[PDB]
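Encoded as structure tokens, the structure appears first; notes follow it.
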Amino acid sequence: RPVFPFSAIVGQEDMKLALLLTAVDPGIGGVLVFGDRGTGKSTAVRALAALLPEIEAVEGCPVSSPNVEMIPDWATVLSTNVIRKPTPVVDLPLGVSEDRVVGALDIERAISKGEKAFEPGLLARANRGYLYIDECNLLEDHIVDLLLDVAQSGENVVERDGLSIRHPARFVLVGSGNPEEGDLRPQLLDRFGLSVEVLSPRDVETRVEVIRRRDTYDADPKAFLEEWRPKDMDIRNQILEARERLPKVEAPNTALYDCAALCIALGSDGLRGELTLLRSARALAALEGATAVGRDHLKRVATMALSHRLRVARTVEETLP
Amino acid sequence: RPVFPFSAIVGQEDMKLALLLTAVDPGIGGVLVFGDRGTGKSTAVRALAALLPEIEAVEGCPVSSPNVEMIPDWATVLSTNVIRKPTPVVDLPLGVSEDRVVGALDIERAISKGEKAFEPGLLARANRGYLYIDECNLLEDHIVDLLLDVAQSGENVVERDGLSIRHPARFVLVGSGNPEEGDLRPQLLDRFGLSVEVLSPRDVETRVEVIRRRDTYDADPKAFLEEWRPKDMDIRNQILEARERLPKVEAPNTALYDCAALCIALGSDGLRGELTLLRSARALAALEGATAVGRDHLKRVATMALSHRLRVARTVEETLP
Amino acid sequence: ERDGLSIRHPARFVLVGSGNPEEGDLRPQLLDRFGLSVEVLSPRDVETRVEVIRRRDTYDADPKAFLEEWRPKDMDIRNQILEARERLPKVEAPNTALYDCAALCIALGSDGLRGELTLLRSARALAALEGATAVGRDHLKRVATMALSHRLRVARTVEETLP
């Protein structure tokens, strides 16, 4: 499908790299995509994510469970048609009402349906996909918090109204926002997974490229869909190996050392960051088409996983070449 | 999912061993963790669940009974798949209704099928695991009390409205909250046998160790605890020093113990009753000039303080003369 | 034809678009679709003024006399309309300009106007970058593949209607 890999580009690598890594492991965290919205972030997301194997799931099912046996009682979807559908991407609007985000339970509907009274909130209809947050900065703190953990753990908690409504929510939180607004809640910023480094200059050509792929996709004459599909699968293949190596470490007396050294030297210490960096870096090799371990992997992910917090410096390369 | 290394957590020459003790036996008492928010109390609790071997239990089942033969009547287990799954740890947020805590019960659903009308509450999904508490200080009395006894006994008693609803709830209760609000309910200290905190080393020592085991993250369960094993002695000493003088100060057959026992041994929930008894008894003792509020005085005021909120039917004398 | 119910009925009428002179760079599509862009010449001098009073007061019944004296003026009015048509196809050349832009939307599964405005703007912006003084149909269709799609039921057609 119309995806824009690393075939030819010198700039927006961070964007792709981050969104791909999170697609592998959700434990990384929400991708804090810096930069303005004019860059057409959502546009890129609604193309890049197409590489992922079109998920198998019930037709109009919000959570889109594969088999009917995994459909939550409230989601009594009559059309139990298990079909193939592309990666769902929902653009989280700025200033969205928290209740509308997760869902609610109407009183009238409740007394006449019970659990069936649950409203299909945004996240409820964004499972197994991507959630593009416009701006994490100019937004309610509690909204960011909720979204961050939901994406982390994996449950769209709707314990409100009068029932403990809940259901899985495994999705990639694309937390977009401006470069910086004013040290807004560093605690939440740390919780984020990777972030597109703003300090590094980028090309402009990617703009036209993305726009063209946006056009040549919707109602594509069976051209761009096929062409890229093989590559889509190739990447997916490596993604499997990444997860296989996720709970393992090929070279202990290497990855652990270099990783910790970088974090400490840059002063960007923090269990949350460190342990995540060590994982993302290893999984990174999948996108590179390599084994797993590699110093430069740690270095690259460092200038992403650390970037979204204080105590960071360009010393990355200078610390450990 | 990626978890933080429980052993390697920054210091914590208290919380760690405390949680381990309760893992052997929950009867020891609830784990009361002092300290501020930065201590990361919840982190430790959940981190332990990671190292704890996946408990054997049915797939689609809240209480997660090992064998299908132990499934509660009211329950409706579909997937009777006995498999392995991580230790269940649920956080109890402040403000949650008692309904969602123990279990919900709809009236319309009741008349339809009272048996399958009882919805499994949060505690049901915490059986054979750990239940974390929010700000126990500000949390409702009836909530804290209920949680305490349930963890103590082992059964989530919901014998109300005639329906003798019940189900296993063998879990470890971890009481959280700020250091101290202002002369809070003493009963907490009594029932929370493991009143520890979270020692946070400012100096190096552990700091370096954390980074190393977080980055590389070794797989050897042995090496995961080896270096930390010695510290258990220090922690043990802390606990010993407390027990060494507890019975001396809070002498049995008097003090908080008996006060709480009286309420629990009678037809009533708890806590709120105990607080009333303690206050009145202390006030009376002051007039009597009795420095030590003996059981006699506790029972004396109980005949009034409890009666107007407790189903009196003798017992008191038979339990505590 | 909405909500499944294919409701329909004759509506053979003449549409008279009114409004103030100009608000500020309004939707150009109006000028295209409104083939008869005229006004209301208001004579300050006498001439008609006297005629009005006379035919308003007495108000004759003869349909012929009602138009007779006014028949000659149709020539002048006609000239006005002719002068426009004389150069319209020259400026707004067919197979390009507003015509095709509006046609694309109407020839597809969507209502209109709001779509056309989106197409025109994007196409013009692109043309500026291309340096193409005249926004050719090719560019119009190019942007249409995105501008319309997210608000129009795309099912080919475009090429078959306007290559």
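Chain labels run A, B, ... following the order of the structure tokens; each chain numbers its residues from 1, and ligands are numbered from 1 in the order shown.
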- Message: Quick check: residues of chain B within 7 Å of chain A, only C-alpha atoms, returned as number ranges by chain.
- Response: B: 1-2, 100, 211-212, 214-216
- Task: Name the residues of region 6-141 of chain C that fall into alpha helix (DSSP H) according to DSSP on the backbone, using the chain letters and numbers of this document, as a PyMOL selection string.
- Result: chain C and resi 29-33+48-57+63-67+73-91+97-106+114-130+137-141
- Message: Need to verify the contact set: residue 36 (chain B), 8 Å, only C-alpha atoms, exclusion of same-chain residues closer than 6 positions in sequence. Can you return it as a PyMOL selection string?
- Response: chain B and resi 177-179
- Could you pull the residues within 12 Å of residue 14 (chain A), counting only C-alpha atoms, minus those fewer than 4 positions along the same chain, as a PyMOL selection string? chain A and resi 5-6+9-10+18-21+31-35+194-202+284+300-305+307
Write out the residues from the selection above, keeping N, CA, C and O atoms, as a CSV table (one decimal), in the first residue's frame.
chain,number,residue,atom,x,y,z
A,5,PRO,N,8.7,4.3,2.8
A,5,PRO,CA,9.8,3.7,3.6
A,5,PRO,C,11.1,4.6,3.5
A,5,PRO,O,11.0,5.8,3.3
A,6,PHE,N,12.2,4.0,3.7
A,6,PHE,CA,13.5,4.7,3.7
A,6,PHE,C,14.2,4.4,2.3
A,6,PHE,O,15.4,4.3,2.3
A,9,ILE,N,15.0,9.4,1.1
A,9,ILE,CA,14.6,10.5,2.0
A,9,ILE,C,15.8,10.9,2.9
A,9,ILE,O,16.6,10.0,3.2
A,10,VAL,N,15.9,12.2,3.2
A,10,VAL,CA,17.0,12.6,4.1
A,10,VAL,C,16.4,13.7,5.1
A,10,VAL,O,16.7,14.9,5.0
A,18,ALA,N,10.0,5.9,14.6
A,18,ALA,CA,9.2,5.9,15.8
A,18,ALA,C,7.9,5.2,15.7
A,18,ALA,O,7.6,4.2,16.4
A,19,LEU,N,7.1,5.6,14.7
A,19,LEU,CA,5.8,4.9,14.4
A,19,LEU,C,5.9,3.4,14.1
A,19,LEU,O,4.9,2.7,14.4
A,20,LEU,N,7.0,3.0,13.6
A,20,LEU,CA,7.2,1.6,13.2
A,20,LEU,C,7.6,0.8,14.5
A,20,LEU,O,7.1,-0.3,14.7
A,21,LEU,N,8.5,1.4,15.3
A,21,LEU,CA,9.0,0.8,16.5
A,21,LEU,C,7.8,0.5,17.5
A,21,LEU,O,7.7,-0.6,18.1
A,31,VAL,N,4.1,8.1,21.0
A,31,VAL,CA,5.1,8.9,20.2
A,31,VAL,C,4.8,10.4,20.2
A,31,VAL,O,3.8,10.8,19.6
A,32,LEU,N,5.6,11.1,20.9
A,32,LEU,CA,5.5,12.6,21.0
A,32,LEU,C,6.0,13.2,19.7
A,32,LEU,O,7.2,13.5,19.7
A,33,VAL,N,5.2,13.3,18.7
A,33,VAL,CA,5.6,13.9,17.4
A,33,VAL,C,5.6,15.4,17.5
A,33,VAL,O,4.6,16.1,17.4
A,34,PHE,N,6.8,16.0,17.6
A,34,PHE,CA,7.0,17.5,17.7
A,34,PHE,C,6.7,18.1,16.3
A,34,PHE,O,6.2,17.4,15.4
A,35,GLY,N,7.1,19.4,16.2
A,35,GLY,CA,6.8,20.1,14.9
A,35,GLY,C,5.4,20.5,14.8
A,35,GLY,O,4.5,20.1,15.5
A,194,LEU,N,8.8,7.6,22.2
A,194,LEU,CA,9.8,8.2,21.3
A,194,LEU,C,9.3,9.6,20.9
A,194,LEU,O,8.1,9.8,20.9
A,195,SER,N,10.2,10.4,20.5
A,195,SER,CA,9.8,11.8,20.0
A,195,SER,C,10.8,12.2,18.9
A,195,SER,O,12.0,12.1,19.0
A,196,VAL,N,10.2,12.8,17.8
A,196,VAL,CA,10.9,13.2,16.7
A,196,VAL,C,11.8,14.4,17.1
A,196,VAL,O,11.3,15.5,17.5
A,197,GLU,N,13.1,14.2,17.1
A,197,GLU,CA,14.1,15.2,17.5
A,197,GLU,C,13.9,16.5,16.6
A,197,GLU,O,14.1,16.4,15.4
A,198,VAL,N,13.6,17.6,17.2
A,198,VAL,CA,13.4,18.8,16.5
A,198,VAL,C,14.8,19.5,16.1
A,198,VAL,O,14.9,20.2,15.1
A,199,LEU,N,15.8,19.3,17.0
A,199,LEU,CA,17.1,20.0,16.7
A,199,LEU,C,17.7,19.6,15.4
A,199,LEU,O,18.4,20.4,14.8
A,200,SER,N,17.5,18.4,14.9
A,200,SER,CA,18.0,17.9,13.7
A,200,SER,C,17.2,18.5,12.5
A,200,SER,O,16.0,18.2,12.3
A,201,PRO,N,17.9,19.2,11.6
A,201,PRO,CA,17.3,19.8,10.4
A,201,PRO,C,16.8,18.7,9.5
A,201,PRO,O,17.3,17.6,9.5
A,202,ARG,N,15.7,19.0,8.7
A,202,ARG,CA,15.2,18.0,7.8
A,202,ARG,C,14.8,18.6,6.4
A,202,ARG,O,14.8,19.8,6.2
A,284,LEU,N,15.0,-2.0,16.8
A,284,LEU,CA,15.3,-1.1,15.7
A,284,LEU,C,16.0,-1.9,14.5
A,284,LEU,O,15.6,-1.6,13.3
A,300,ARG,N,20.8,6.2,18.2
A,300,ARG,CA,19.7,6.7,17.5
A,300,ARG,C,18.5,6.8,18.3
A,300,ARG,O,17.8,7.9,18.4
A,301,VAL,N,18.1,5.8,19.0
A,301,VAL,CA,16.9,5.8,19.8
A,301,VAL,C,17.0,6.7,21.0
A,301,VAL,O,16.0,7.2,21.5
A,302,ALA,N,18.3,7.0,21.4
A,302,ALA,CA,18.5,7.9,22.5
A,302,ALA,C,18.0,9.2,22.1
A,302,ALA,O,17.3,9.9,22.9
A,303,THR,N,18.4,9.7,20.9
A,303,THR,CA,18.0,11.0,20.4
A,303,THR,C,16.5,10.9,19.9
A,303,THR,O,16.2,11.2,18.7
A,304,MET,N,15.6,10.4,20.8
A,304,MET,CA,14.2,10.2,20.6
A,304,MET,C,13.6,10.0,21.9
A,304,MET,O,12.8,10.8,22.4
A,305,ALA,N,13.9,8.8,22.5
A,305,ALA,CA,13.4,8.4,23.8
A,305,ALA,C,13.8,9.4,24.9
A,305,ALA,O,13.1,9.6,25.9
A,307,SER,N,15.0,12.7,24.1
A,307,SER,CA,14.6,14.0,23.6
A,307,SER,C,13.4,14.7,24.2
A,307,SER,O,13.3,15.9,24.5
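Comparing the minimum interatomic distances between chain C and each of A:37, A:125, A:213, A:170, counting only C-alpha atoms, we find that A:213 sits nearest.
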- Message: Using every Cα, in order, as the fitting set, what is the least-squares RMSD of chain B against chain A?
- Response: 12.7 Å
Taking only residues of chain C that have an atom at most 7 Å from an atom of chain A, what is each one's shortest atom pair and its distance in Å to one decimal, using only C-alpha atoms, in chain and number order, as a Markdown table?
| residue | atom | partner | partner_atom | distance |
| --- | --- | --- | --- | --- |
| C:145 | CA | A:215 | CA | 5.4 |
| C:146 | CA | A:215 | CA | 4.9 |
| C:154 | CA | A:219 | CA | 6.6 |
- Message: Neighbouring residues of residue 76 (chain A) were defined as those with any atom within 10 Å, considering only C-alpha atoms; residues of the same chain fewer than 3 positions away were excluded. Please report them as a PyMOL selection string.
- Response: chain A and resi 61+68+71-73+79-80+115-116
- Query: Neighbours of residue 120 (chain A) within 12 Å (only C-alpha atoms; same-chain residues fewer than 3 positions away dropped), as a PyMOL selection string?
  - Reply: chain A and resi 60-64+72+74-77+99-106+116-117+123-127+156+158+165-167
Output of the above residues as a short mmCIF file (atom, residue, chain, number, x, y, z; two decimals), in the first residue's frame, restricted to C-alpha atoms:
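Wrote it out as again_15.cif, contents follow:
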data_model
loop_
_atom_site.label_atom_id
_atom_site.label_comp_id
_atom_site.auth_asym_id
_atom_site.auth_seq_id
_atom_site.Cartn_x
_atom_site.Cartn_y
_atom_site.Cartn_z
CA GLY A 60 -18.82 -3.06 12.37
CA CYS A 61 -17.16 -4.16 15.61
CA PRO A 62 -15.60 -1.09 17.31
CA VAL A 63 -12.82 -2.91 19.19
CA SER A 64 -12.53 -5.05 16.05
CA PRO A 72 -17.22 -7.94 24.66
CA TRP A 74 -21.74 -4.76 25.35
CA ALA A 75 -20.52 -4.75 21.74
CA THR A 76 -23.37 -6.97 20.56
CA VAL A 77 -22.57 -6.56 16.86
CA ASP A 99 -16.16 11.19 28.27
CA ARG A 100 -16.35 11.06 24.47
CA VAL A 101 -12.77 9.76 24.39
CA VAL A 102 -13.33 6.56 26.37
CA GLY A 103 -17.12 6.29 26.38
CA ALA A 104 -20.15 6.58 28.67
CA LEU A 105 -23.33 4.79 29.78
CA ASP A 106 -26.63 6.57 29.09
CA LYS A 116 -25.34 -2.77 26.16
CA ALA A 117 -25.75 0.92 27.06
CA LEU A 123 -10.62 4.86 21.70
CA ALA A 124 -13.29 2.15 21.71
CA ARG A 125 -13.30 2.51 17.92
CA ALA A 126 -9.53 2.93 17.62
CA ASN A 127 -8.34 -0.45 18.90
CA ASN A 156 -9.93 1.61 27.65
CA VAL A 158 -14.61 3.49 31.41
CA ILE A 165 -17.09 -0.77 31.83
CA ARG A 166 -13.79 -1.82 30.27
CA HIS A 167 -12.23 -3.48 27.22
#
- Among region 81-185 of chain A, which ones does DSSP place in strand (DSSP E), written as a PyMOL selection string? chain A and resi 82-84+89-92+130-133+158-160+163-165+172-176
Just-selected residues, C-alpha atoms written as a PDB file, in the first residue's frame:
ATOM      1  CA  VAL A  82     -15.152 -11.656  10.215  1.00  0.00           C
ATOM      2  CA  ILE A  83     -13.348  -9.843   7.396  1.00  0.00           C
ATOM      3  CA  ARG A  84     -10.065  -8.152   6.479  1.00  0.00           C
ATOM      4  CA  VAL A  89      -6.519   5.497  12.309  1.00  0.00           C
ATOM      5  CA  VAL A  90      -8.536   7.984  14.364  1.00  0.00           C
ATOM      6  CA  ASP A  91      -7.503  11.632  14.659  1.00  0.00           C
ATOM      7  CA  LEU A  92      -7.936  12.707  18.287  1.00  0.00           C
ATOM      8  CA  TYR A 130      -3.292   4.500  15.466  1.00  0.00           C
ATOM      9  CA  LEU A 131      -4.611   7.471  17.445  1.00  0.00           C
ATOM     10  CA  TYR A 132      -3.363  10.827  16.157  1.00  0.00           C
ATOM     11  CA  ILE A 133      -3.461  13.427  18.935  1.00  0.00           C
ATOM     12  CA  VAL A 158     -14.606   3.494  31.414  1.00  0.00           C
ATOM     13  CA  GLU A 159     -15.356   2.888  35.089  1.00  0.00           C
ATOM     14  CA  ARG A 160     -17.918   5.687  35.295  1.00  0.00           C
ATOM     15  CA  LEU A 163     -20.685   0.141  35.922  1.00  0.00           C
ATOM     16  CA  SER A 164     -17.066  -0.987  35.626  1.00  0.00           C
ATOM     17  CA  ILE A 165     -17.094  -0.771  31.826  1.00  0.00           C
ATOM     18  CA  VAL A 172      -0.265   3.283  18.890  1.00  0.00           C
ATOM     19  CA  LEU A 173      -0.659   6.667  20.577  1.00  0.00           C
ATOM     20  CA  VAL A 174       0.583   9.259  18.075  1.00  0.00           C
ATOM     21  CA  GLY A 175       0.868  12.183  20.477  1.00  0.00           C
ATOM     22  CA  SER A 176       1.563  15.116  18.174  1.00  0.00           C
TER      23      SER A 176
END
- Query: Any idea what's packed within 8 Å of residue 265 (chain B), counting only C-alpha atoms, ignoring anything in its chain fewer than 2 positions away? Could you give it as an MDAnalysis selection string?
  - Reply: chainID B and resid 261:263 267 315:316 319
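Here the question is which of C:29, C:149, C:133, C:37 gets nearest to residue 84 (chain C) using only C-alpha atoms, and that residue is C:37.
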